[PDB]
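Undergrad: Below are the structure tokens for one structure; questions will follow.
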């Protein structure tokens with residue numbers, strides 16, 4: 001008969017006024033590869049100024065988020081890896097957070113300058129973006145399988 005495997009899905013990002021968040025609000029810990037199941041977040045600084053971003057979560061001592069404290073120059077994209085402990089698994093109640101605040105003119109991107117900027121920048125200016133985890137379960141188009149994109 002007819003059968004296949006895998007499907008497809010669109011990719012959207014939270015168009016932030018300062019720092020962009022990728023993906024928007026959908027984390028999928030599991031790549032097509034049978035290697036590691038870590039998600040990589042992308043932050044596109046649309047602004048023309050430095051933006052200090054920070055990654056948080058309800059369980060930072062479970063998920064390895066790095067960088068979790070840094071900045072992203074204007075007109076550049078950063079990469080934030082998110083790998084869970086090498087024992088447990090991706091939960092559902094688990095939630096991630098990403099901060100982004102526009103810095104002054106010339107501001108470094110260290111543990112100091114930041115600690116300072118995060119001290120000067122008001123929480124009102126601090127843009128927080130909470131991400132969600134799309135726990136993978138029962139991979140199939142609701143019973144049986146059916147999917148065949150444009151191949152060749």
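Indices start at 1 and increase along the chain as displayed.
The way this entry was determined, per its header, is solution NMR.
Backbone N, Cα and C atoms are what each Cβ position is placed from, and that goes for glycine too.
The PDB entry lists these features:
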- 1-7: cloning artifact (SEQADV)
- 147-152: cloning artifact (SEQADV)
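Pulled from Swiss-Prot, these are the listed features:
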- 18-136: domain 'MSP' (DOMAIN)
- 54: site 'Required for phosphorylated FFAT motif binding' (SITE)
- 65: site 'Required for FFAT motif binding' (SITE)
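Looking at the shown structure, what environment does each listed feature sit in?
TA: Counting residues 6+ beyond its ends, the cloning artifact (1-7) has Cβ neighbours under 8 Å at 32, 141, 145-149 in the same chain.
Note on the cloning artifact (147-152): residues 2, 4-8, 141 of its chain, located 6 or more positions outside it, place their CB under 8 angstroms from a CB of the stretch.
Around the Cβ of residue 54 (site 'Required for phosphorylated FFAT motif binding'), 20 further Cβ atoms fall within 10 Å across all displayed protein chains.
DSSP assigns residue 65 (site 'Required for FFAT motif binding') to a strand segment in the three-state reduction.
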Undergrad: Do any residues at least six apart in sequence from residue 65 (site 'Required for FFAT motif binding'), in the same chain, have a Cβ closer than 8 Å to its Cβ, and if so which, in order?
TA: 55, 56, 57, 80, 81, 82, 96
